[PDB]
Ligand SMILES: Cc1cn([C@H]2C=C[C@@H](COP(=O)(O)OP(=O)(O)OP(=O)(O)O)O2)c(=O)[nH]c1=O
Ligand SMILES: Cc1cn([C@H]2C=C[C@@H](COP(=O)(O)OP(=O)(O)OP(=O)(O)O)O2)c(=O)[nH]c1=O
Ligand SMILES: Cc1cn([C@H]2C=C[C@@H](COP(=O)(O)OP(=O)(O)OP(=O)(O)O)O2)c(=O)[nH]c1=O
Ligand SMILES: Cc1cn([C@H]2C=C[C@@H](COP(=O)(O)OP(=O)(O)OP(=O)(O)O)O2)c(=O)[nH]c1=O
Ligand SMILES: Cc1cn([C@H]2C=C[C@@H](COP(=O)(O)OP(=O)(O)OP(=O)(O)O)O2)c(=O)[nH]c1=O
Ligand SMILES: Cc1cn([C@H]2C=C[C@@H](COP(=O)(O)OP(=O)(O)OP(=O)(O)O)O2)c(=O)[nH]c1=O
Ligand SMILES: [Mg+2]
Ligand SMILES: [Mg+2]
Ligand SMILES: [Mg+2]
Ligand SMILES: [Mg+2]
Ligand SMILES: [Mg+2]
Ligand SMILES: [Mg+2]
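Residue numbers (the entry's author numbering), protein chains in the order written: chain C, 6 to 155; chain A, 6 to 155; chain B, 6 to 155; chain B', 6 to 155; chain C', 6 to 155; chain A', 6 to 155. A prime marks a further copy of an entry chain.
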């Protein structure tokens with residue numbers, strides 16, 4: 006369905022580096038529709054829940070501390086296959102291994118400063134969207150450009 | 006000082022046209038810092054208050070109707086002379102008269118579909134920021150970039 | 006030979022979305038030479054001979070009606086290995102599976118609105134070029150650029 | 006009216022320099038609609054009727070020979086005030102005096118290789134369009150985009 | 006003459022901010038030819054001579070100290086009217102007053118962090134070129150794209 | 006470590022084509038730091054030493070002739086995994102086989118005119134940097150960007 010959604014966060018490094026607009030632009034050019042958007046400084050609570058699946062992993066700590074270190078631009082995008090697509094557009098975890106053309110491939114070098122984060126499955130997307138956004142913050146009236154879908 | 010702030014809004018046409026990232030990128034590249042950001046569908050009240058100075062102008066009804074017809078991406082940018090600079094970057098009210106290089110100049114043709122709106126003075130900016138953003142949505146921590154400011 | 010040619014069409018969706026220049030620019034930047042160009046609204050017969058290989062397939066009907074639904078910008082580009090290179094630049098049939106960096110990968114989300122079409126072999130290209138352009142509409146003189154070719 | 010039209014030609018230098026897509030993209034992004042497009046090598050008669058107003062001027066001869074020296078991409082764009090707007094987007098006769106942001110300002114350095122030509126009045130445009138395009142080569146159906154026009 | 010030259014320096018702020026390529030690209034797109042290029046950390050001696058005309062002015066000190074604070078990319082560009090043109094492309098001293106489309110207008114906010122510096126006259130250009138570059142560092146064989154000049 | 010360096014060279018075709026800024030910008034945007042930069046016309050000796058590994062290859066003579074036929078912009082970039090990353094960003098030897106998004110993929114069509122050259126290993130990089138740059142031309146002071154490196 007063309008109403009699938011995903012959660013993307015331009016991390017503190019992406020924001021500090023002035024990449025918010027560039028990133029949003031990539032998803033707009035693709036045809037995806039912004040249904041949620043805000044800048045905030047994530048609270049430890051938020052980050053911990055966001056990255057709950059990594060509570061164990063040794064890098065969990067610094068990650069939580071990093072995402073809460075400064076402003077982040079949280080976004081929700083809607084469109085057909087947007088979850089998988091946005092990940093393809095982001096690249097892979099390691100920016101050095103990300104293909105040119107992808108966001109990490111074009112802009113990053115370090116795993117811990119990998120610019121943006123995106124939901125890895127519809128299940129996770131739904132969970133993270135609910136986490137970062139109040140329902141009234143998400144559009145209900147979505148208007149994709151009439152030339153994008155059959 | 007370098008703490009001046011202005012209110013900018015990508016209107017429904019700018020949003021429908023996928024110009025959000027492009028616009029945000031222009032202000033990021035300029036060196037202004039994003040201190041507030043959110044997408045929302047304006048209410049009649051918000052819209053009428055935002056444009057209160059024009060309540061007796063003939064175009065007011067259509068303007069309020071249009072600004073409330075879809076999502077708007079509201080933002081606040083901070084930096085030296087940001088209010089006058091943002092206006093220069095936007096162009097003039099009529100996009101056809103706006104210079105190539107300005108946002109309306111590069112992207113618009115109709116006064117009623119002029120893509121973005123920005124505060125016209127520090128006074129208007131203070132009033133507009135207050136209308137659209139709660140204090141808690143605006144960053145307080147803004148370390149000036151040593152690369153942008155002497 | 007450096008005079009290979011391929012047929013590319015910015016489909017009705019690509020034209021309506023204002024992607025004609027962006028697409029042409031990618032081929033110009035690559036070093037391919039525009040030897041034919043025109044905008045037209047395809048007739049049913051043209052569309053049908055163009056997609057003749059799919060006349061028995063289920064999506065054929067919807068494809069032909071779509072191609073004829075609005076203007077198309079038909080082009081012929083010349084250069085070494087332009088047929089296969091132009092396809093690599095386009096992506097794969099499904100824009101969602103097309104890599105960031107490719108035309109469909111950067112701009113599309115639906116197989117039926119996949120922006121551009123390109124010949125898939127030298128044979129198909131010669132055939133398609135003959136279908137869309139009269140000889141007089143194609144450049145005959147193309148001195149290879151010494152900066153692009155040994 | 007929103008149906009005003011103007012004639013623009015990417016001159017032989019603009020075409021040879023691979024600026025066709027970049028130029029078209031600027032007009033598409035602005036919101037103007039491509040209603041006519043084709044690449045051709047101008048005949049002496051065409052060039053001469055096109056620049057008829059300069060037939061008595063000294064540079065006329067060199068101008069006509071240049072316009073006919075290689076392919077040109079002729080275009081017709083439609084929209085509110087497109088004639089004057091398209092000229093503002095082009096710059097002024099001398100690219101060196103053309104403002105950054107304009108086509109000549111960004112890409113040229115010589116009056117005789119000034120990249121693109123555009124009609125300078127509605128009268129001239131209608132005349133020029135009739136010179137370069139047969140009616141059948143121009144779109145008749147142009148429903149204004151609701152995002153570009155009130 | 007098409008062999009006029011000018012000296013441009015991407016200052017430490019321009020380099021620190023990752024604007025070297027963007028700036029060089031603007032001059033290449035314009036048609037100007039790079040005849041000298043190098044990155045170095047300016048010595049006080051160099052900066053003082055470079056900015057000799059301001060030895061008096063109160064801002065002289067900090068300026069010298071700023072240009073010597075980090076790497077700078079020194080460049081020499083050749084083309085018709087390149088001295089005046091490059092200044093027009095740079096903007097005015099104050100980035101806030103520089104027009105969008107110009108380098109300072111697009112990227113800066115502070116007079117002391119104004120990204121790039123360019124010769125203000127052929128006389129000064131010649132002096133600065135001689136100052137920053139050894140004759141053997143400057144091209145003698147200059148090849149402008151044959152489509153730029155009459 | 007994050008101090009790895011690689012040698013990159015915009016070949017004469019890349020320079021003639023005005024691709025210098027674009028290429029430098031790609032590496033700047035990626036987060037790699039420019040530690041050396043200069044434009045020069047290679048000598049037969051430099052060229053033969055640079056490509057010594059290919060001295061018995063059939064294409065060696067034409068390659069040496071071409072690389073010495075005009076200016077080259079030589080550069081050294083520093084950062085984690087810069088050598089392999091730079092290669093990924095360049096593409097593969099044959100531009101036609103290089104992926105959209107890579108430099109050769111976006112801009113080239115001929116193996117002999119493949120725009121840029123980059124070290125293929127840390128060993129080759131150390132050798133190449135030493136060939137083209139004196140120690141005094143390479144920055145020694147490189148404070149890692151806190152935004153790019155954990
Ligand atoms: C695996 C890993 C990750 N990270 C950082 C980067 C992204 C986040 C989450 O890691 P991940 O969930 O495995 O990667 P990925 O899906 O690509 O990233 P996110 O989109 O979830 O941020 O933590 C890190 O610092 N070190 C590591 O070793
Ligand atoms: C003058 C005018 C304007 N408008 C639209 C455009 C901007 C808003 C507000 O008008 P304005 O306040 O005078 O223009 P301006 O400052 O340039 O735009 P904003 O940044 O305030 O939106 O109304 C319209 O629809 N018709 C008109 O005749
Ligand atoms: C296979 C397929 C295709 N299409 C659309 C997409 C491209 C065209 C032609 O299909 P194709 O010939 O198999 O793919 P491809 O070469 O990538 O497309 P063109 O470049 O020829 O348009 O039809 C569709 O609407 N539904 C489908 O199931
Ligand atoms: C005046 C002039 C002009 N030209 C070239 C540039 C544009 C065309 C037409 O000149 P023009 O008609 O006066 O300027 P302009 O409208 O800006 O150009 P076009 O858009 O019509 O090409 O001729 C030239 O080579 N030498 C000259 O002295
Ligand atoms: C006038 C002025 C200048 N500056 C900085 C900016 C550029 C240089 C040189 O100033 P300038 O020579 O008057 O301006 P301009 O030509 O635009 O700049 P340069 O291209 O010469 O760097 O010093 C500053 O810090 N404060 C000031 O008040
Ligand atoms: C293989 C080959 C190559 N070349 C040109 C292209 C790059 C250089 C060096 O070849 P290479 O070393 O194998 O390719 P590659 O690493 O991709 O390119 P460089 O970054 O070293 O220039 O020679 C050529 O003209 N003809 C050929 O057949
Ligand atoms: Mg993850
Ligand atoms: Mg106003
Ligand atoms: Mg096909
Ligand atoms: Mg004229
Ligand atoms: Mg000066
Ligand atoms: Mg090699």
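We put the beta carbon where it would ideally sit given N, CA and C, even for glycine.
First through last residue of the alpha helix (DSSP H) which encompasses residue i
i, result
"residue 68 of chain B'", "65–72"
"residue 91 of chain B", "87–95"
"residue 79 of chain C'", "Not the alpha helix (DSSP H): residue 79 of chain C' falls in the beta strand (DSSP E), residues 77–83."
"residue 35 of chain A", "25–35"
"residue 52 of chain A'", "49–55"
Below-7 Å beta-carbon distance, residue i vs any chain C' residue
i, result
"residue 105 of chain B'", "yes"
"residue 22 of chain B'", "yes"
"residue 112 of chain B'", "yes"
"residue 26 of chain A'", "yes"
"residue 144 of chain A'", "yes"
"residue 33 of chain A'", "yes"
"residue 76 of chain A'", "yes"
Bounding residues of the beta strand (DSSP E) (the contiguous stretch that carries residue i)
i, result
"residue 43 of chain A", "38–45"
"residue 15 of chain C", "10–15"
Beta carbon proximity, residue i to chain A', threshold 7 Å
i, result
"residue 141 of chain B", "no"
"residue 62 of chain C", "no"
"residue 154 of chain B", "yes"
"residue 117 of chain C", "yes"
"residue 39 of chain C'", "yes"
Residue-level contact to chain B' via CB, residue i, 7 Å cutoff
i, result
"residue 92 of chain A", "no"
"residue 101 of chain A", "yes"
"residue 85 of chain C'", "yes"
"residue 36 of chain C'", "yes"
"residue 42 of chain B", "yes"
Test: residue i CB closer than 7 Å to a CB of chain B
i, result
"residue 29 of chain B'", "yes"
Min CB distance residue i to chain A below 7 Å
i, result
"residue 125 of chain C'", "no"
Min CB distance residue i to chain C below 7 Å
i, result
"residue 17 of chain A", "no"
**Q.** Segments of 3+ residues assigned as beta strand (DSSP E) that fall wholly inside the stretch 102–152 of chain C
**A.** 121–123, all fully within the stretch 102–152 of chain C.
Q: Evaluate the contact criterion for the stretch 26–40 of chain B versus the stretch 22–39 of chain B': three or more CB pairs, one atom per stretch, below 8 Å.
A: With a cut-off of 8 Å, the stretch 22–39 of chain B' and the stretch 26–40 of chain B count as touching, because enough Cβ pairs lie within range.
Q | Neighbouring residues (CB closer than 6 Å to any heavy atom of ligand 1) | A | The set, ordered by position in the chain, is C/64, C/68, C/98, C/116, C/117, C/119, C/122, C/123 and C/125.
Q: Report yes or no: do three or more beta-carbon pairs, one from the stretch 125–136 of chain B' and one from the stretch 57–67 of chain C', lie closer than 8 Å?
A: Fewer than three Cβ pairs drawn from the stretch 125–136 of chain B' and the stretch 57–67 of chain C' lie within less than 8 Å of each other, which leaves the two stretches out of contact.
Q.
Does the structure place the stretch 35–52 of chain A close enough to the stretch 106–120 of chain A that three or more beta carbon pairs sit under 8 Å?
A. no
Q | Any 3 or more C-beta pairs closer than 8 Å across the stretch 77–84 of chain A' and the stretch 78–86 of chain C | A | no
Q. Do three or more CB pairs link the stretch 102–111 of chain B to the stretch 89–107 of chain C at distances below 8 Å?
A. yes
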